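Read through the structure below, which is laid out as structure tokens, and then see the notes.
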Amino acid sequence: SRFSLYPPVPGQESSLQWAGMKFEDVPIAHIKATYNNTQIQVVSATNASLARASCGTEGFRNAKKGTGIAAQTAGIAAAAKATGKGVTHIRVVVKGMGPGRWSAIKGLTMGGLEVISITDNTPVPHXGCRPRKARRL
Amino acid sequence: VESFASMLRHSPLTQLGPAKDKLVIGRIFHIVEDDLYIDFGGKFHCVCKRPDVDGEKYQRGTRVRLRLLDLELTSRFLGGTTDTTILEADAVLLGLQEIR
Amino acid sequence: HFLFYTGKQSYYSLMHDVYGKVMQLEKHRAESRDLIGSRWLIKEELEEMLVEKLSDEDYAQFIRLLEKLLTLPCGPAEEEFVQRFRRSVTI
Amino acid sequence: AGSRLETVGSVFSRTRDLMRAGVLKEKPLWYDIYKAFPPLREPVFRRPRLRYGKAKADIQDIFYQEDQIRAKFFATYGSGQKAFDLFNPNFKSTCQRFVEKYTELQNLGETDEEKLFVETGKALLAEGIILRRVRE
Amino acid sequence: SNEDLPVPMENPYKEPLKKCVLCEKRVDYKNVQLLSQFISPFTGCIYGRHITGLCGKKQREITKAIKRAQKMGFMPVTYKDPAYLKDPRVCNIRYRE
Amino acid sequence: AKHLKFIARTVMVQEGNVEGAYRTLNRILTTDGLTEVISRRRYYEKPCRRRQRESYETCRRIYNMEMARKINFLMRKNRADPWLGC
RNA sequence: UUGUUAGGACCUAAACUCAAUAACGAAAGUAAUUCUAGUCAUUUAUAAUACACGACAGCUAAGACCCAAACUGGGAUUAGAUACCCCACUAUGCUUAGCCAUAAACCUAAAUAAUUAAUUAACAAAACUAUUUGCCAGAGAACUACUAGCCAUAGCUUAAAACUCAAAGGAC
Ligand code: FES
Ligand SMILES: [K+]
Ligand SMILES: [Mg+2]
Ligand SMILES: [Mg+2]
Ligand SMILES: [Mg+2]
Ligand SMILES: [Mg+2]
Ligand SMILES: [Mg+2]
Ligand SMILES: [Mg+2]
Ligand SMILES: [Mg+2]
């Protein structure tokens, strides 16, 4: 009789629907937030591309391409393309820990899309590849 | 004349055993605002807060009931050579004792 | 005087009296504005009464103790006492 | 002129020395009193030091034979619901009455601790004391 | 000499030593229901002994069983199994809102 | 990669509060230490550097937790003066 | 090129959390999982011209190669920038054989058995006794010259003097 933060377990049967679709059917908004450019892609649950955007494609350049307001504009642009294709609910898998990590999610909301969940897929190696050397400053 | 060794063996404090979670009778001797200083027969007094219920009843000389925890609050800290003491006892005020 | 070796025998003799008065009132047990338009004597005035020199911390402590006396039930003896340390204010 | 050296000797020895030297011409008034009724220990300075290695203090833990019985009573029944009054010099607690009866039975010659503990509970029950065997 | 002098003995009132919630119990890699009580629901990361509250010996036993179960095909690595989400909470950690 | 998608590190939005859900997801990742781990994996920390940092952070946590105990312990005596005037 | 893949291949390289732990080993070093082999009794200290080891870098031959990266090239900065910052890419870090034998190889604490009081140069890591070996004798010249040994050849270990100075050095 309460809300569950935990996503509906896959393979089972749940009582939660969004526009007549189950959790496994809602399209996914893949946000890659890096320290320079924030890219956004929306796909259907069958992995078919519907919208794409990024600070670069919007027209920002160099250090402006990696700001919060630049990602917000990129999110609004991705929403508009997806909204035309017929998307109202999105599952936000946000990879990356850059400046437009949250702003890209805020732009998608401003653009008329309804986020039902937020996942994080930032790559965390379990022991992997040696990172580049520390910068001296 | 009774010896000191006998006096200690038959002392109420020796009978109490460990003072953790024991019940004792105290007497209020000093009040500062809503803080009650209660003597329960030990070396150090305890300091409790005036209960909301029957607050006016807790006046000086009033005997109360307590649940002891420590007779002296002390603790050695990292790098210390001696235990730091606050010269106070620990008890939980339960309420007035029935005069009966 | 028994408080000679304190170095402030007159300041501490007065703080002895007011602390003993406070104890008897607290043990033994109305509006406290018996006097209005009055101020506490300034440090320079207190020093003259005691015929000795005080610090700012010594003056502040004397007032806090006198305020506590007024808070408690006060017989006419206490009111006359605190009166000696009150100077009439002229508006 | 004096001996303000409080880390060598004692007040009495330093006063004895100053008079022998010739600097202190009159005995202090407390001198003859100390000479006739000295303290048990000489008041000489000593620097406190920590113990190291396997050196230990010499303090006996005070444990009477009644404590073996008292420990069982607190574990089985806790502290008596009646509150301790530590202001009455002759107070008899519920636990102290248990230990007095437990001793009486043991004087008769009972050798089993289990026998003495369950019999004592019965005797106090006859007396009317309310003993609650609180496992909680 | 004196009958009332104290008697040397071990402390009658000595309090018992506190045990961990897995004291004198068998930690098995196949018991994934118990192992899941010491990992994170979201990331599946093993909790430290400051959160779990276990002793050193059991902290190592749980750690070895989790790694063995994960590597042998009994326990998931990246998350806690959703079946075991309802089990009792034994760890001093709060995540909700 | 071989696990199931949308179970790990996933939070559900309640009543369209997309900011509240994002704030919860961050506390989960910060609490599990993923945020610090990802921060330090951008560049390489040398093994000697890693050991020096961990030994210092451990000793800083001991002295901090111990200082908290000493303040909390000595703050019990912090109350209105009972012997005002003496 | 980029993003996604609940697609395939790969098994190269490295082992998050646990680890706020302080274990194992002579030291070096060692923490993904499993199995096999395996550490153990000399009273104790005390060893080289002998034996066996010894991070990283480096050399030799055949492989590996995800990522990192001396050098090198390209781009910036600057009076210059043979650098710090950016990008690319080697030797190299990996495996298998052998060599090399050096580290601030530093707990800057030789080992062992006692003691905690009849004991503050300073700081660090409280003081101090006994036993055995090693080592030291102002600073620089000098991790140098010469000698001998060594798979080492721009190498390692061993290791002076002339000459110069009246200080050098440690703690506060
Ligand atoms: S306290 Fe006994 S095994 Fe943990
Ligand atoms: K070192
Ligand atoms: Mg260049
Ligand atoms: Mg290469
Ligand atoms: Mg060497
Ligand atoms: Mg080393
Ligand atoms: Mg060299
Ligand atoms: Mg040479
Ligand atoms: Mg040579």
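Here, each number is a calculation from the coordinates, and none is a lab measurement. So basically every Cβ, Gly included, is an ideal-geometry build from the backbone, and we count neighbours across all protein chains shown.
Residue count for the range C:46-73, restricted to those that are surrounded by 14 or more Cβ atoms within 10 Å (Cβ to Cβ) and either more than 15 Å from F:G85 (Cα to Cα) or of a type in the set (S, T, Y) (or both): 6.
For D:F45, only one of the following conditions fails: (1) within 14 Å of another protein chain (Cβ to nearest Cβ); (2) under 30 Å from D:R14 (Cβ atoms); (3) surrounded by 10 or more Cβ atoms within 10 Å (Cβ to Cβ). What is its number? Answer for D:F45: the failing condition is (1).
Within the range F:41-59, work out how many residues are part of a helix (DSSP H, G or I), of a type outside the set (S, T, Y) and over 21 Å from B:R76 (Cβ atoms). Residues flagged as part of a helix (DSSP H, G or I), of a type outside the set (S, T, Y) and over 21 Å from B:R76 (Cβ atoms) within the range F:41-59 amount to 9. If I filter the range D:82-102 for residues that are hydrophobic (A, V, I, L, M, F, W, C), more than 29 Å from B:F4 (Cβ to Cβ), within 14 Å of chain B (Cβ to nearest Cβ) and surrounded by 10 or more Cβ atoms within 10 Å (Cβ to Cβ), do I get at least one hit? There is no residue in the range D:82-102 that is hydrophobic (A, V, I, L, M, F, W, C), more than 29 Å from B:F4 (Cβ to Cβ), within 14 Å of chain B (Cβ to nearest Cβ) and surrounded by 10 or more Cβ atoms within 10 Å (Cβ to Cβ). Among the residues of the range A:61-81, those that are within 15 Å of RNA strand G (Cβ to nearest atom) and of a type outside the set (G, A, S) comprise A:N62, A:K65, A:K81. If the condition is being surrounded by 14 or more Cβ atoms within 10 Å (Cβ to Cβ) and part of a loop (DSSP other than H, G, I, E, B), then the range C:2-20 contributes C:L3, C:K8.
Restricting to the range D:29-47, count the residues that are in a loop (DSSP other than H, G, I, E, B) and either within 21 Å of D:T7 (Cβ to Cβ) or aromatic (F, W, Y) (or both).
Total satisfying the criteria: 11.
Tell me, which residue of the range E:12-57 that is more than 10 Å from RNA strand G (Cβ to nearest atom) and assigned to a helix (DSSP H, G or I) is farthest from the other protein chains (Cβ to nearest Cβ)? Restricting to residues being more than 10 Å from RNA strand G (Cβ to nearest atom) and assigned to a helix (DSSP H, G or I), the top hit is E:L34.
To keep it simple, each residue is scored yes or no on (1) surrounded by fewer than 20 Cβ atoms within 10 Å (Cβ to Cβ); (2) of a type in the set (A, V, I, L, M, F, W, C); (3) in contact with a strand residue (DSSP E or B) (Cβ under 7 Å, 6 or more places away or on another chain).
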site: A:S1; (1), (2), (3): yes, no, no
site: A:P10; (1), (2), (3): yes, no, no
site: A:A19; (1), (2), (3): yes, yes, yes
site: A:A29; (1), (2), (3): no, yes, yes
site: A:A33; (1), (2), (3): no, yes, yes
site: A:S49; (1), (2), (3): yes, no, yes
site: A:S54; (1), (2), (3): no, no, yes
site: A:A63; (1), (2), (3): yes, yes, no
site: A:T67; (1), (2), (3): yes, no, no
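Might you let me know whether the range F:5-23 holds any residue that is under 30 Å from A:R135 (Cβ atoms) and of a type in the set (S, T, N, Q)? Looking for residues that are under 30 Å from A:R135 (Cβ atoms) and of a type in the set (S, T, N, Q), one finds none in the range F:5-23, hence no.
Each residue in the range A:35-47 was checked for being surrounded by fewer than 22 Cβ atoms within 10 Å (Cβ to Cβ) and either more than 14 Å from A:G100 (Cα to Cα) or out of contact with any helix residue (DSSP H, G or I) (no Cβ under 7 Å at 6 or more places or on another chain) (or both), and 6 pass. D:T120 fulfils the conditions (1) among the hydroxyl-bearing types (S, T, Y); (2) assigned to a loop (DSSP other than H, G, I, E, B); (3) over 25 Å from the mean Cα position of the chain (by Cα) except for a single criterion, (2).
Just to be sure, is A:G128 within 14 Å of chain F (Cβ to nearest Cβ), of a type in the set (G, A, S) and more than 9 Å from RNA strand G (Cβ to nearest atom)? Give the derivation first.
Details: within 14 Å of chain F (Cβ to nearest Cβ): yes; of a type in the set (G, A, S): yes; more than 9 Å from RNA strand G (Cβ to nearest atom): no.
Here the answer is no, as A:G128 does not meet what is asked.
Please indicate, with yes or no, whether at least one residue in the range B:44-67 is of a type in the set (D, E, K, R), under 16 Å from B:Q97 (Cα atoms) and in contact with a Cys (Cβ under 9 Å, 6 or more places away or on another chain). The answer is no; no qualifying residue exists.
Of the residues making up the range E:9-24, those that are closer than 23 Å to D:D67 by Cβ and surrounded by 10 or more Cβ atoms within 10 Å (Cβ to Cβ) are E:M9, E:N11, E:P12, E:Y13. Per this entry, E:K80 is counted among residues that are within 13 Å of RNA strand G (Cβ to nearest atom) and either basic (K, R) or outside any loop (DSSP other than H, G, I, E, B) (or both). Pick out the one residue from D:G53, D:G109 that is more than 7 Å from every other protein chain (Cβ to nearest Cβ), closer than 30 Å to D:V8 by Cα and loosely packed, with under 14 Cβ neighbours inside 10 Å. Going through D:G53, D:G109 in turn, the sole match is D:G53. Screening the range F:1-54 for residues that are of a type in the set (G, A, S) and within 11 Å of chain E (Cβ to nearest Cβ) and picking the one that is surrounded by the most Cβ atoms within 10 Å (Cβ to Cβ) gives F:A21.
Can you say whether E:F74 is touching a helix residue (DSSP H, G or I) at 6+ places or on another chain (Cβ under 7 Å) and surrounded by 17 or more Cβ atoms within 10 Å (Cβ to Cβ), as far as the supplied structure shows? When the stated conditions are applied, E:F74 does not pass them.
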